[PDB]
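Trainee: Turn this into a structure:
(5 chains)
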Amino acid sequence: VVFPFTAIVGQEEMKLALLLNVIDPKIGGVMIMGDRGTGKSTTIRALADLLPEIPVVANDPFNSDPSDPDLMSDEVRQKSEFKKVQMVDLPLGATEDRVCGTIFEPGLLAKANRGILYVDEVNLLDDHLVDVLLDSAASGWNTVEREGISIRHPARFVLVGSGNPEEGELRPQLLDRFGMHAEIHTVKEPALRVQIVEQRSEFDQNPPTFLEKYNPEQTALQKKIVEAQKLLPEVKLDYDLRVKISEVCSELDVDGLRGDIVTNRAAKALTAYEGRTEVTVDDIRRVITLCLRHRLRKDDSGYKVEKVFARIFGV
Amino acid sequence: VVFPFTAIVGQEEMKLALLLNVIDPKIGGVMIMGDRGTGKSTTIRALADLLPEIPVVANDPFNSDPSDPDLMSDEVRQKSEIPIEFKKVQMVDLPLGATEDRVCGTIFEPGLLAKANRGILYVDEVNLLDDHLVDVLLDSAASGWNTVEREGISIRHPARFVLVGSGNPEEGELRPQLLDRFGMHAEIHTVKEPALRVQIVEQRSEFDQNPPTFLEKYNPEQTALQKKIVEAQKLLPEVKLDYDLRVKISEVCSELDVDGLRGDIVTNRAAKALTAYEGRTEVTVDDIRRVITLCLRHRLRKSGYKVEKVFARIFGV
Amino acid sequence: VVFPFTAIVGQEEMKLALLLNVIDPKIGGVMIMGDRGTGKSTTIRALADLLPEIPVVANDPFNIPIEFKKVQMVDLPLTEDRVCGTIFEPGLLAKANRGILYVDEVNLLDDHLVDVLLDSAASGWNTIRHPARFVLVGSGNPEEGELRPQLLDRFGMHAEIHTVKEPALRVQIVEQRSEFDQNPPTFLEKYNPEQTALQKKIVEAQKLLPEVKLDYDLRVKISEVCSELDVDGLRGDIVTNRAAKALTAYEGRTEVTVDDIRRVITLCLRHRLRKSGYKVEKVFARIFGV
Amino acid sequence: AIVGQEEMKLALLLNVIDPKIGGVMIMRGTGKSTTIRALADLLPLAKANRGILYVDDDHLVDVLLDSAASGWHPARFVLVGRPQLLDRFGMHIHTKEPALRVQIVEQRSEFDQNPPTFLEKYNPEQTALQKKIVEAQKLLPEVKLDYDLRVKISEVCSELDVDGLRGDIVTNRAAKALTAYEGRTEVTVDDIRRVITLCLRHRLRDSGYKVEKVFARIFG
Amino acid sequence: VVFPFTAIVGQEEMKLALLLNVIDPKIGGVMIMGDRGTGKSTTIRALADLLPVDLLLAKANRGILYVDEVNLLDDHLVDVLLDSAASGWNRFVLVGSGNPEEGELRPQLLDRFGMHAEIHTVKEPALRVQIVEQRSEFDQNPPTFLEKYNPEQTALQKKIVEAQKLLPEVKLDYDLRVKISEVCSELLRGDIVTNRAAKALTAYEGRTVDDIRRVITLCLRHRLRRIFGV
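Mentor: Numbering: from 1, shown residues only, chains lettered A, B, ... in the order given. Below is the structure in question.
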């Protein structure tokens, strides 16, 4: 009851950005920054059936797999269904109590453990969850401050928001502390856009029929991700190239130590869709722009990074 | 009894705009700007008294569509018979500064979002209105089903109703983020000939004269519109659009700076209603371009002559 | 009993306007301002007596043999369910039927609560369908604020009391009031003959009202005059037409002449006048050429 | 129970025989209930069909205020106690010489220690006061006010800026009501000057001095 | 739920400065500059730095507090905590934390910053990259990762634990105090703590004027806004 897998073709790099956040949860997140809404909610919801039916336990508000004492918060840890993903968005008008529950009264974040908490126009929210939500992912749990009550039930999510350049982006406080940064371009190919309208008509002609048109293609895309689960083991680079990765920043590593460490793990994922068991050279260059471009403070951006990348690796 | 559906005597363009939206349920957003809310209320009554009968089944509060679609998974699906029923149109307009809980409901108590299965929803002086529940209502246009989850609830009232917008310009434009989802938005301008309005004023007195002879005054004229609209309803699927002409449509909006082709997408579908009204099956390039330009004026962020000048040499001039 | 209608001295403009609304329900409505009414209730109690008895409230608790009820009317309240009704329990909006109520303390009132009054003209029923055809008299308060960009624009005969000194007149009024309050006995007879003639004239005018005559072609001048001003929601022509009809069925002249404009320009235009009287009169004279 | 103290008692006595006049709006007061009890001494809801009530707006009080003129279920009650609520009033003390305090202290000792057998101290005046009230009652609906004098009275409103003028009508009737205990055939400044600012301080828009200065200009 | 304090490296003097006021009850908040992804990590590391809040009064007696550049924080406490600093009673031992780009606090607060600390940036992350790998090693089974460094961490509880019960064995030299007047008094109230600082500084290890000379410029900038013959 949604758009197809490769729907709204064009955000191929964006599809890759979404894939980058997938599989590996240590990336941190993403910040959608484009011209307008453009119906990006479908692109946000494009990973609806993409998530497998992760195993379920009982029917608690928090989405929890069975067993896993590390994932058992209060009752399952002392007590002794393969539910679909439930990624949700964040209402504009909201309060801190709305993101919690006065116990045991739960909260929206707690009920959405291990999910893609969608968000858009984050520039509107001032301070309520600017650092509270950013730091929540690192903790991995939802602590309570209700006097004696202090339940710290585990909290897991994806934490990838969105916003519009018109209302600004942020006073830089946790933007470096946030995940990778990316944006969107302007579609100038009317013929390509014409097929999108045809694709919309294809989506409108018969949702189920259209689905049967590319149903086998949908299965193939999910196949690489499932096998990529085992790809996390090994892939141990000699770190000899990673030695120069820090030296690559140099003038561009003025501040944000934390950021440099994180980009290193990206290469393993970068050399994971390609299937290479060893470290693939030039993949850092393919991810250098998507690494700390927004985090790189300034007054040629990518072009300047590319010019700097010439001395960093040698080309 | 209400004033005649042919008592508009003006705003032909606004009248034409409202009729096309009636024909295609997925047309989009409809709104009218101006300084005469009473005029919008007048059109509201005229629009309400501008449709054939619709069937219900027995008693369903939200909607009792007699087994037309499979969207009866609620109680009717269990019951899938007291179904020999067919009601008429019914408008709906929420009071200003209403209650969100009343707008939503609880559990199951039905909220204010339980009006006609389609259309009916209308909003006068929506320029002020409120920020909360407005985007949800804008999103409710494509919702197709309610979202009830209070205290762990789970219910989805399958309703899909069009909306009509009205608000005085003195209150200012809405938020640009919320300003989107505007399929059609225009304004109505008066004339400096009270003499001409005096006829309608005299007609208003004739309208206020007696309900007798009021229906017989234009019943044959009124019957023509019902037959023409119903005729296009059956032939609506037979729509022919030229891809080469369709290619020009995006090329037409090449210098539009739409900041998102969402508006241009449904803009192509706009000419379908004009073709259905015309009766011609093949797309007429000129008519299509004109309709698209007229509809895109509201979404054109930054007059229509410049767009018309832009339309010149784009569609071919 | 209360003070007689003719016993009231002053506010002749208000008296002329108030009678028009009762004369024809078509009348849009009057609105009145002016702090320190000092008898505002009596100023409206006059219309209560001036009404022929009609068969009303016939064994129906909504207002077999039919009793020719003389008259009935309330003024105003000090809950919304109490204002309308309950579910079938009728509320305060269940007695104004075939009557009229004042708008006392509407300067404060309550937004989104006093709106059913505007949404009450030509109701014909309720929504439980209780017919409603009540009249309304606006009672505003000066210096108490006027937040009605177009909310009170619905007002038709907008006027207010503007007495200044009237020293000898005030003394005479006070003396007459004291005399009337001392003993209504024979105070009724002091002016009894006058009320009957007025009641008969009003009844005759109401009876002959349907045979009114006018001329839209002649009213083209009024249309042009309205065009000279600025309007947004119209209804000005309707107000002018109703005022002209009342003026025709106010002196008995079964025709149309250019005097209703001079009689009711202030009463009609000022209600929706742009945000004065002298300028409106000058414009009307220039348009008419007089 | 207190000798003298006619600064505020005189208004109460004048209003005692003025059922048409109404509106007690006070804003000393240590006696409070005791002062009310002192008022009940100089006197013989449902049972209040013919009586007086004391006040210790909204819904009940606002309805109670209009129930004065709408004293019919007959009420006929005498009330004791924003600009809109100010209209329901026609009449609106002082707690410093130690000599007054010494007399009060001695009276307080006389009252508290000698609650009994102390009636004869004020009984001769209080008992005779009933005849004075009775004498004023019989001739109450007999006196009249001069229209030529009323012109001077009406002239007071010219400089006055308080709207409504209902109290002014009452004030014109107030002077005629007064002087009944006095027994004089007509009413001189005695009734004019004293009762001028008596009700004027309540519905006022130098609180009294300016009014008195205008009154002095208005009066001869 | 703990991290090895000694695992982090760089600006090790700050940890000693943190260790200087770790068991000091008459010290109070100490200024510490250097705000970045690092500062947050170090603060969390400070919490997990030794066993036996930050930026509620009953559960606050005798507790440290990590500031967050209070210049940008609420002024209600700023107008109060500044005077509440060294108030005497209702206790707590906060720690001034922030950055020049993150604010400069208040001038009275600037006039009394206690000990002054800062954190700089160093290139050639030879050890930092290994620390990043150690953090990755810390990421890989943190319950087991801490166990690898646990024996070293285990041999740290009694490093200075018994060095504070009988720490005030001696007192600052009177002649040394007069020598402070040449620079410290010539260029106050903060000097009184610096005067007894050497007793606190040279106590944890096994109980010297070299530490005092080193600590001479440790908090000079906090009061500035050779004396010991150096």
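Trainee: can we go C-alpha only for contacts and neighbour counts from here?
Mentor: Noted.
Trainee: I'd say residue A:116 and residue A:156 touch.
Mentor: No. Look at residue A:116 against residue A:156 with CA atoms under 8 Å: they stay out of range, at 9.2 Å.
Trainee: ok, the two, which is more surrounded?
Mentor: Using other CA atoms under 10 Å in any protein chain shown as the criterion, residue A:116 and residue A:156 rank with residue A:156 on top: 26 against 23.
Trainee: Contact residues of the stretch 1-150 of chain A facing chain B?
Mentor: Within the stretch 1-150 of chain A, the positions near chain B by CA under 8 Å from any CA of the partner chain are A:35-39, A:93.
Trainee: which of those residues lies closest to chain E?
Mentor: residue A:93 (24.4 Å; CA to the nearest CA).
Trainee: Next, count neighbours for that closest one.
Mentor: As a measure of burial, residue A:93 has 11 neighbours, counting by other CA under 10 Å.
Trainee: tell me which element the residue nearest to it when sequence neighbours are not counted falls in.
Mentor: Spatial nearest neighbour of residue A:93, excluding adjacent residues (CA to CA, 6 or more residues apart in numbering or on different chains): residue B:132 at 6.7 Å. According to DSSP states H and E, residue B:132 maps onto no helix or strand at all.
Trainee: Kindly report the same for the one 10 residues further on.
Mentor: With secondary structure defined by DSSP H and E, residue B:142 is part of neither a helix nor a strand.
Trainee: Make sure it is actually in contact with residue B:159.
Mentor: No. The criterion here is CA under 8 Å, and residue B:142 misses it with residue B:159 at 9.8 Å.
Trainee: What residues sit buried inside stretch A:130-137?
Mentor: A:134, A:136-137 (16 or more other CA atoms under 10 Å in any protein chain shown).
Trainee: Confirm for me that residue A:131 is in contact with residue A:174.
Mentor: Yes. Applying CA under 8 Å, one finds residue A:131 in contact with residue A:174, separated by 7.2 Å.
Trainee: Most neighbours among the residues of the stretch 1-150 of chain A next to chain B, which one is it?
Mentor: residue A:36 (20 neighbours).
Trainee: burial of whichever residue of the stretch 151-300 of chain A sits closest to chain C, as a residue count?
Mentor: The stretch 151-300 of chain A approaches chain C most closely through residue A:167 (32.6 Å), counting by CA to the nearest CA. Neighbourhood size, residue A:167 [other CA under 10 Å]: 11.
Trainee: I figured it was touching residue A:120, is that so?
Mentor: No. The pair residue A:167 / residue A:120 is not scored as a contact, 11.8 Å apart, by CA under 8 Å.
Trainee: got the phi/psi numbers for residue A:151?
Mentor: Note on residue A:151: its backbone torsions stand at phi -50, psi 130 [degrees, to the nearest 10].
Trainee: That one reaches residue A:143, doesn't it?
Mentor: Yes. Here residue A:151 reaches residue A:143: they are 5.5 Å apart, a contact under CA under 8 Å.
Trainee: residues in contact with residue A:235?
Mentor: By CA atoms under 8 Å, 6 or more residues apart in numbering or on different chains, the residues touching residue A:235 are A:268, A:277-279.
Trainee: Give the burial count for the residue of the stretch 101-250 of chain A at minimum distance from chain C, as a bare number.
Mentor: Taking CA to the nearest CA, chain C has its nearest neighbour within the stretch 101-250 of chain A at residue A:124, 30.0 Å off. By other CA under 10 Å, the residues close to residue A:124 number 15.
Trainee: what does residue A:264 give?
Mentor: 19.
Trainee: That one contacts residue A:241, doesn't it?
Mentor: No. Contact criterion CA under 8 Å: residue A:264 and residue A:241 do not qualify, at 10.2 Å.
Trainee: What is the neighbour count of the residue in the stretch 201-315 of chain A positioned nearest to chain B?
Mentor: Nearest residue of the stretch 201-315 of chain A to chain B, counting by CA to the nearest CA: residue A:201, 9.8 Å away. By other CA under 10 Å, 14 other residues sit near residue A:201.
Trainee: again with residue A:219
Mentor: Neighbourhood size, residue A:219 [other CA under 10 Å]: 12.
Trainee: just residue A:14 next, same as before
Mentor: For residue A:14, using other CA under 10 Å, the count is 15.
Trainee: what do you get for residue A:53?
Mentor: So residue A:53, with other CA under 10 Å, has 12 neighbours.
Trainee: Give me the phi and psi for it.
Mentor: Torsion angles, degrees, to the nearest 10, at residue A:53: phi -80, psi 70.
Trainee: I'd guessed it sits against residue A:85; true?
Mentor: Yes. Assessed by CA under 8 Å, residue A:53 is found in contact with residue A:85 at 6.6 Å.
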